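Chains A and B supply the protein sequences, listed in that same order.
Mapping of the first sequence onto our numbering: position 459 corresponds to residue 479, and the numbering continues sequentially without gaps.
Mapping of the second sequence onto our numbering: position 67 corresponds to residue 87, and the numbering continues sequentially without gaps.
C-beta: ideal position from N, C-alpha, C; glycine also.
Report on the structure given below.
2 protein chains.
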Amino acid sequence: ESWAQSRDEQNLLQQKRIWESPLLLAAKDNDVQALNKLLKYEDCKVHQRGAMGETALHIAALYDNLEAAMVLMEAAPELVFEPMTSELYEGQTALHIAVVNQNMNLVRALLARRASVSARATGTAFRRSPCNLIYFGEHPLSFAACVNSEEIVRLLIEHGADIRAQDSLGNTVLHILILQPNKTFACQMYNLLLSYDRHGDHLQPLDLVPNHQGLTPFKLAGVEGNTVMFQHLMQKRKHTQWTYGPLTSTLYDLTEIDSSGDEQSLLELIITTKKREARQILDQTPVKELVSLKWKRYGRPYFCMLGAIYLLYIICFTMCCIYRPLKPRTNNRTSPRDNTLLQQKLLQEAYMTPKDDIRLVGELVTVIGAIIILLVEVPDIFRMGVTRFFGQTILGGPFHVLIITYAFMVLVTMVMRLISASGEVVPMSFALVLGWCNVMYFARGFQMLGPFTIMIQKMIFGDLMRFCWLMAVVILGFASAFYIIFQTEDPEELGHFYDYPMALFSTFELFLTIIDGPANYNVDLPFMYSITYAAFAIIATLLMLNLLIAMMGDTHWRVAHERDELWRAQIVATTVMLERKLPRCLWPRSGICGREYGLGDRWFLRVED
Amino acid sequence: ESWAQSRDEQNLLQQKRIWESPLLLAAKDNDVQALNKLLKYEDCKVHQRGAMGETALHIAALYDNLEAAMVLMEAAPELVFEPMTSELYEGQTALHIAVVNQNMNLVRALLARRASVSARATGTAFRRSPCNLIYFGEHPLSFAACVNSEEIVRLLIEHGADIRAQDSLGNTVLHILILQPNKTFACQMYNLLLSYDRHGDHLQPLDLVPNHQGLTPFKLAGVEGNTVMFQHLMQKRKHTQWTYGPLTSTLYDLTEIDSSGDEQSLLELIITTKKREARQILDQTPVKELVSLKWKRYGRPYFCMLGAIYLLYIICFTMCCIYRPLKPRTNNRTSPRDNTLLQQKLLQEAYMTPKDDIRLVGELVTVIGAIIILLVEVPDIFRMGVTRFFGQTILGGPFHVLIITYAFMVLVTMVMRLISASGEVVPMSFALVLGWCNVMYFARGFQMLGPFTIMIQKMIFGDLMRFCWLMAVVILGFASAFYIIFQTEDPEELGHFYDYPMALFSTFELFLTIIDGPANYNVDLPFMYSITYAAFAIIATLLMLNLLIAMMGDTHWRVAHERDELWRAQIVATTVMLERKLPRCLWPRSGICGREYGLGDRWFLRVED
Ligand SMILES: CCCCCCCC/C=C/CCCCCCCC(=O)O[C@@H](COC(=O)CCCCCCCCCCCCCCC)COP(=O)([O-])OCC[N+](C)(C)C
Ligand SMILES: CCCCCCCC/C=C/CCCCCCCC(=O)O[C@@H](COC(=O)CCCCCCCCCCCCCCC)COP(=O)([O-])OCC[N+](C)(C)C
Ligand SMILES: CCCCCCCC/C=C/CCCCCCCC(=O)O[C@@H](COC(=O)CCCCCCCCCCCCCCC)COP(=O)([O-])OCC[N+](C)(C)C
Ligand SMILES: CCCCCCCC/C=C/CCCCCCCC(=O)O[C@@H](COC(=O)CCCCCCCCCCCCCCC)COP(=O)([O-])OCC[N+](C)(C)C
Ligand SMILES: CCCCCCCC/C=C\CCCCCCCC(=O)O[C@@H](COC(=O)CCCCCCCCCCCCCCC)COP(=O)([O-])OCC[N+](C)(C)C
Ligand SMILES: CCCCCCCC/C=C\CCCCCCCC(=O)O[C@@H](COC(=O)CCCCCCCCCCCCCCC)COP(=O)([O-])OCC[N+](C)(C)C
Ligand SMILES: CC(C)CCC[C@@H](C)[C@H]1CC[C@H]2[C@@H]3CC=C4C[C@@H](OC(=O)CCC(=O)O)CC[C@]4(C)[C@H]3CC[C@]12C
Ligand SMILES: CC(C)CCC[C@@H](C)[C@H]1CC[C@H]2[C@@H]3CC=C4C[C@@H](OC(=O)CCC(=O)O)CC[C@]4(C)[C@H]3CC[C@]12C
Ligand SMILES: CC(C)CCC[C@@H](C)[C@H]1CC[C@H]2[C@@H]3CC=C4C[C@@H](OC(=O)CCC(=O)O)CC[C@]4(C)[C@H]3CC[C@]12C
Ligand SMILES: CC(C)CCC[C@@H](C)[C@H]1CC[C@H]2[C@@H]3CC=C4C[C@@H](OC(=O)CCC(=O)O)CC[C@]4(C)[C@H]3CC[C@]12C
Ligand SMILES: CC(C)CCC[C@@H](C)[C@H]1CC[C@H]2[C@@H]3CC=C4C[C@@H](OC(=O)CCC(=O)O)CC[C@]4(C)[C@H]3CC[C@]12C
Ligand SMILES: CC(C)CCC[C@@H](C)[C@H]1CC[C@H]2[C@@H]3CC=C4C[C@@H](OC(=O)CCC(=O)O)CC[C@]4(C)[C@H]3CC[C@]12C
Ligand SMILES: [Ca+2]
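Shown next, in the form of structure tokens:
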């Protein structure tokens with residue numbers, strides 16, 4: 021907060037550092053006559069700095085003043101070069117300011133006195149960060165491209181500029197147009213600026229030059245959701261084979277869209293980026309067909325063979341828990357509240373029959389399966405993000421967490437079976453619930469179950485969790501009242517609130533109306549019970565019918581319009597994942613390779629519409 | 021009703037008092053020739069009054085008649101001055117009527133005979149009240165401004181008018197334009213009328229002059245929801261620091277918008293006014309940023325430290341009720357329906373162990389907390405509205421009532437503990453429910469829980485209370501039938517309706533289907549039970565599914581479009597409250613103060629867009 025407070029103070033401190041001098045006053049407004057009196061009488065020094073360490077020329081450019089600064093140059097011609105020596109607008113010179121305010125006559129007077137066009141505004145007000153409402157780059161070519169000024173673009177190339185110049189982020193000027201809020205004007209700048217390569221000794225095209233994330237402008241249009249620069253960039257990568265009346269056969273280049281090894285690709289970048297406007301690109305004319313190609317041919321068959329193996333694995337795990345080793349209890353019961361008949365066997369006792377060795381096969385299969393789950397999910401964070409970049413992906417998939425939590429609870433049950441620890445029902449019951457509810461992951465490989473299963477996630481991490489805080493508040497208040505109302509009664513005749521953890525659990529069940537809840541009719545209940553439970557029942561059904569509301573504004577007004585789009589993005593995230601963690605010989609590469617067609621070492625996709 | 025009946029009779033009695041005289045007849049229509057016969061033959065008196073005590077001239081102005089009234093002035097020149105001597109349009113003269121009907125030639129003939137322009141229509145038809153469909157003021161400048169007549173505005177300033185003149189409410193003419201139903205025409209009158217200050221010896225600007233509620237025109241635009249006069253008035257309070265291409269840095273005056281001590285402010289006026297169109301102003305360009313400033317920096321941290329203290333306080337209170345002093349009962353049970361095992365200890369017995377003194381700390385903390393709740397909420401009605409202005413604020417907050425009802429029930433439990441009164445479970449159970457459901461107040465300081473918690477209030481004081489009247493009717497009829505059906509049976513085999521208060525409570529539970537309800541299958545139930553309960557079950561599920569309807573027209577068609585707006589208004593109401601009841605040294609004032617920037621003793625807000 022203090023940096024935005026410091027930035028708010030520097031703009032006000034700038035407006036005060038003008039008013040206490042005449043030499044910086046005649047170069048703010050159009051008062052040229054006093055400035056001729058300021059120079060010849062006392063012969064004062066003219067390099068007086070303002071708040072940002074700048075000369076009076078930067079105030080002239082920021083308010084469009086040309087006339088007094090001529091006498092500044094007939095007397096002190098060296099004024100052109102000196103940039104801002106500040107720390108917020110650092111390295112910004114007078115040329116940058118006249119570019120974004122689009123002054124043209126100042127360029128003809130500066131450059132006649134050998135001005136500078138390769139200056140780099142590296143200050144913090146020009147960087148790519150959400151505090152700054154503009155991002156233009158660092159160079160004066162970059163600024164004129166972004167305020168949509170064709171004249172200043174050609175006026176710099178005449179004066180020794182450079183279009184292959186980059187930011188500290190590595191963005192060239194072609195990258196920066198893709199980042200602009202005004203999309204259609206960026207398309208015209210892109211065609212204007214790309215048309216100045218004109219050098220064969222240099223090998224790199226300007227639209228192939230990557231920034232420091234290794235992204236081209238084409239891939240930067242994909243990551244940012246710039247769909248009209250995506251379609252515009254796609255004509256460099258089309259080829260029209262033939263036109264047959266209403267038909268045409270278009271061949272798509274597919275080189276930077278599909279994966280080519282260790283280099284990151286457009287399909288994987290759209291999924292693994294934090295931006296949501298990138299998912300509109302997943303419906304475009306080389307990409308929508310590419311995704312439907314590899315899902316219908318290789319993705320969906322493998323995802324169904326993976327879900328048929330997983331289903332048999334959990335059915336095998338379920339039988340090992342149903343047949344877990346149990347024996348009659350040894351000590352006698354300690355109290356009439358003791359319900360236990362059976363306890364689990366020791367390791368020396370639990371494998372002593374042919375019926376046990378059928379279970380040992382399934383137990384070893386279960387253990388082997390949990391290790392293979394931890395060998396393909398846990399080694400993919402130590403080269404990846406340890407808890408950060410894996411932690412970002414959790415909103416895309418909770419089933420990563422669920423299948424590791426399953427495999428954790430299997431191996432805890434293994435350890436407790438090895439050391440004869442008591443309480444194997446605790447890790448098993450988590451594992452039965454975790455392992456079976458992971459079958460819902462494979463719902464995304466079906467037309468019927470895919471868009472319904474996404475609705476489940478967005479209501480548990482939205483409106484269900486939202487309801488649970490308000491539910492916990494009501495439960496805690498009424499369970500405490502129900503506890504102290506029945507605290508003086510006999511629990512043998514009404515035991516719902518006999519101690520305080522049972523009173524919490526009973527009130528929870530009463531909230532959901534899943535237990536019938538306290539009545540005897542042979543005995544006098546306290547009168548406060550009938551008052552409190554009537555009030556509880558009105559509030560609980562009010563709240564329950566309110567959760568039913570919020571789940572209907574959640575779906576039909578937020579996530580029913582995007583059922584297919586969120587589900588098609590799940591097919592892409594699955595198909596990308598199911599190719600990276602699968603061998604090369606099982607997965608043919610998508611598209612048709614050249615070198616048998618005179619097309620190169622490229623893989624091409626044909627679309628006939 | 022009788023005053024609107026009296027007002028309806030006076031307009032009809034006015035239409036009859038014309039027809040019985042010739043001297044008031046020739047001055048209604050264009051019959052000038054008979055009027056020259058009415059004057060010279062019998063030489064009659066001309067000051068004959070109508071129904072509102074008015075002369076015949078007011079009938080001429082009300083129907084645009086100029087020609088006969090000239091001979092009225094060549095014979096009786098003193099006719100100009102005499103106002104209405106009525107009590108509904110009191111003090112209205114002929115100049116007011118010709119202004120609102122926009123006659124111009126009558127002004128040139130009256131004022132040539134020294135007419136009056138400082139007349140005050142103080143009658144009841146011109147006051148600000150919902151019976152009157154216009155509110156124009158009292159002065160003839162005020163009327164011409166409101167019917168949008170620029171010519172008559174300049175025609176009065178030439179004739180000795182006064183723009184600094186006020187109503188009996190204290191509204192100047194600039195106040196009255198803000199109150200008009202035609203917003204855009206009021207903006208042009210505002211620029212026309214403000215441009216006539218032109219006096220340096222007088223100190224007060226016309227747009228700074230307050231009415232009797234101490235409100236400027238700027239604050240009157242805030243209170244009334246006049247958003248286009250709010251934005252128009254805001255340009256007097258902006259200052260553009262610089263423009264950098266697409267960027268500009270605007271500095272907002274923020275003096276009459278933020279609080280300056282005991283004088284009432286714009287943020288607190290929007291919240292504490294009864295009007296709902298004022299909440300649109302809470303989204304405007306100096307106000308939306310000011311609110312998000314002090315909530316994100318000071319409001320939200322303090323509201324979370326206040327909710328973390330309150331949560332620990334209620335957890336401490338909950339433990340004191342769970343560990344309340346109880347002993348085995350002394351007398352024997354009086355009947356087999358007596359379920360009580362325990363009774364509470366006396367004061368001499370309830371503090372006799374180290375386990376009691378841990379509870380005495382928590383009980384004293386609970387008591388001290390309830391006094392501090394009553395010291396910051398109850399002394400704020402005796403200088404405020406005792407039950408009226410506090411009573412108006414209840415629709416904004418029920419948690420005022422809930423936290424005082426909590427603190428009332430704590431101290432009743434204190435008194436009953438001090439005097440060994442029996443029945444402490446009655447004030448405690450209210451206090452556990454009231455104290456825990458007050459945690460839902462702190463839901464408004466979160467993005468997730470804020471708009472959901474407002475939905476709860478608007479359905480309990482709307483559709484739930486609406487359903488409860490219809491529910492009580494059905495419950496009362498069927499409980500009485502269920503009572504008399506089972507009135508001849510043995511309640512040992514079916515006890516749901518054994519007496520009439522249990523029959524009411526059972527039918528309530530049966531309505532909500534939260535108890536399973538009567539079946540035995542070993543015994544013959546009355547045949548009327550199966551008829552009545554089938555009819556009850558159809559009606560109860562019909563009604564329950566109808567409550568589910570009404571809660572979906574309530575939200576998605578009334579209060580889902582305004583979830584963020586009702587929740588942002590709750591942030592303003594919380595931030596205003598949490599600054600007034602909090603010290604000065606903990607709360608830095610919002611904005612940047614001048615006097616180190618040449619800007620005055622004002623606090624300014626900078627907005628860069
Ligand atoms: C996203 C989902 C939301 C989850 C919310 C979390 C809710 C879940 C919380 C669960 C807490 C469960 C533990 C309580 C019981 C422990 C067992 C025990 O022995 O206690 C004992 C008493 O102990 C107490 O009195 C503790 C209760 C005090 C108030 C609890 C509030 C704190 C929870 C923080 C929640 C704040 C969150 C509010 C949210 C805004 C029981 O007594 P006894 O042994 O039976 O008899 C004593 C005998 N004698 C008295 C006759 C001598
Ligand atoms: C979401 C909506 C929330 C609603 C909030 C709920 C409102 C809550 C307000 C409750 C106020 C009730 C006062 C309680 C104080 C009783 C003290 C007393 O002396 O009583 C005595 C008689 O008891 C009776 O016979 C009277 C029963 C209570 C009165 C009617 C309450 C029903 C509310 C109807 C209107 C409903 C309107 C609601 C509209 C919706 C009991 O004393 P005792 O016999 O000596 O005890 C010994 C027996 N023992 C040993 C077994 C212990
Ligand atoms: C916003 C929320 C809505 C709230 C609505 C309020 C509803 C809540 C109302 C609650 C009233 C509760 C009190 C009744 C029972 C008292 C106990 C008692 O002793 O009574 C006794 C009889 O007494 C009666 O018969 C009274 C019943 C007559 C009709 C009740 C309607 C009046 C309620 C006004 C409602 C109109 C509102 C309608 C709305 C349009 C019980 O008899 P017994 O002792 O068991 O046995 C006698 C023995 N013997 C016969 C064999 C000899
Ligand atoms: C929201 C919708 C609301 C619906 C309104 C509900 C309609 C209400 C209309 C009800 C009309 C019923 C007539 C009641 C009079 C009976 C008198 C008699 O003599 O019967 C005798 C035989 O009893 C029987 O065996 C016949 C049972 C009733 C007939 C069929 C009723 C079911 C309705 C089907 C159609 C449903 C259509 C509904 C469509 C929806 C009983 O006399 P007893 O044996 O001598 O008694 C001694 C036993 N005791 C000592 C134990 C006491
Ligand atoms: C997709 C849906 C269809 C799929 C088809 C399968 C689903 C449904 C199939 C069968 C279910 C119905 C048959 C009941 C089971 C009885 C088996 C038995 O003989 O019990 C024996 C022990 O039992 C065990 O030891 C098995 C425990 C787990 C082993 C898991 C299989 C391992 C084999 C390798 C597989 C590798 C896994 C592959 C890895 C990827 C003997 O005990 P008993 O005392 O004689 O008990 C019978 C008497 N009683 C009941 C009266 C007490
Ligand atoms: C936010 C969520 C986390 C917060 C953490 C806290 C939440 C959870 C924390 C603890 C809950 C779980 C522990 C159980 C409680 C046992 C304590 C005990 O020793 O009992 C004793 C008496 O007990 C009392 O006297 C306490 C009664 C209320 C005192 C309130 C605290 C005052 C201390 C100052 C605080 C100032 C408050 C601050 C003001 C703003 C001994 O009785 P006993 O007979 O030996 O009982 C045990 C045997 N039995 C059960 C088998 C019968
Ligand atoms: C003795 C043998 C035959 C045991 C059988 C083992 C298989 C049933 C297990 C072993 C490893 C498992 C895989 C390990 C990890 C994953 C990643 C997992 O990814 C997610 O959960 C994605 C998260 C999301 O996006 O929601 C999908 C299932 C899969 C392929 C698992 C499918 C089931 C496998 C093949
Ligand atoms: C032994 C008992 C107490 C188990 C309790 C453990 C819970 C923490 C588990 C049980 C089932 C789990 C759920 C089962 C299924 C899913 C998958 C997923 O839900 C979806 O809708 C899938 C996401 C998608 O479709 O993209 C998000 C997590 C969730 C709700 C799980 C969250 C964790 C849960 C609630
Ligand atoms: C509000 C939403 C988000 C769900 C939270 C509801 C809570 C009130 C639930 C969640 C877990 C429940 C607990 C889960 C396990 C148990 C153990 C259970 O049995 C025992 O403690 C041991 C057996 C005995 O001696 O009775 C008693 C209830 C209790 C504390 C439950 C009390 C009610 C709890 C706290
Ligand atoms: C021994 C000590 C530490 C006991 C602890 C005392 C606090 C937990 C209490 C004492 C006074 C209470 C305050 C008294 C009154 C109010 C006003 C209250 O305002 C409303 O209820 C607004 C109503 C609405 O608009 O809905 C908000 C909570 C607050 C600050 C209370 C918060 C909790 C406080 C600080
Ligand atoms: C022992 C029993 C019989 C007590 C009788 C009634 C109680 C259950 C009290 C304590 C909790 C109270 C509720 C707690 C929260 C609120 C605040 C408010 O609800 C909201 O949605 C908050 C307002 C907002 O968000 O602006 C309206 C009153 C209400 C429902 C209260 C109404 C009265 C209640 C139900
Ligand atoms: C219609 C909506 C708005 C709620 C109102 C429903 C009523 C039918 C409820 C509200 C309060 C209830 C009462 C709350 C307290 C009691 C005390 C309860 O126990 C006793 O009277 C003492 C013990 C005994 O001797 O049985 C019997 C039911 C009764 C009258 C309840 C009967 C049903 C009532 C009137
Ligand atoms: Ca039941």
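Within chain A, the residues placing a beta-carbon under 9 Å from that of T575/B are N566, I569, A570, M572, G573, ordered along the chain.
When secondary structure is reduced to three states using DSSP, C613/A falls in the strand class. One Cα belongs to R464/B, the other to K375/B, and the distance between them is close to 38 Å.
Shortest gap from the CB of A492/A to any heavy atom of ligand 1: under 7 Å.
The beta carbon of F466/A is closer than 7 Å to none in its chain, skipping five residues each way along the sequence.
Judged by pairs of C-beta atoms under 8 Å, the stretch 134-152 of chain A touches the stretch 102-122 of chain A, as three or more such pairs exist. At a cut-off of 8 Å between beta carbons, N359/B contacts chain A. When beta bridges are read from the DSSP output, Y272/B appears opposite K258/B, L625/B. The beta carbon of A88/B sits closer than 6 Å to the beta carbons of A46, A47, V52, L55 from its chain, once the five residues preceding and following it are set aside; these are given in chain order. Contacts between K36/A and chain B, judged by CB atoms closer than 7 Å, involve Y617, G618 in chain order. Contact of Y520/A with chain B is assigned, a C-beta pair being separated by under 8 Å. Of the candidates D483/B, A492/B, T473/B, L490/B, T473/B places its Cα closest to the Cα of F487/A.
Of the residues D182/A, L126/A, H232/A, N152/A, the one whose Cα lies closest to the Cα of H219/A is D182/A.
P608/B counts as exposed, since fewer than 16 other C-beta atoms from the protein chains shown sit within 10 angstroms of its C-beta. Per DSSP, the beta-bridge partners of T360/B are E509/A. Contact between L214/A and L189/A is ruled out by a C-beta separation of about 20 Å, above the 8 Å threshold. Counting along the chain, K308/B sits inside no beta strand (DSSP E); it lies in the alpha helix (DSSP H) bounded by residues 307-314.
Distances from the CB of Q363/B to the heavy atoms of ligand 8 are all 7 Å or more. Exclusion of the five residues before and after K295/B leaves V243, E244, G245 as the residues of its chain whose Cβ lies within less than 8 Å of its Cβ.
Distances between the C-beta of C488/B and the heavy atoms of ligand 3 include at least one below 7 Å.
Spanning the alpha carbons of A80/B and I117/B requires a straight line of approximately 9 Å.
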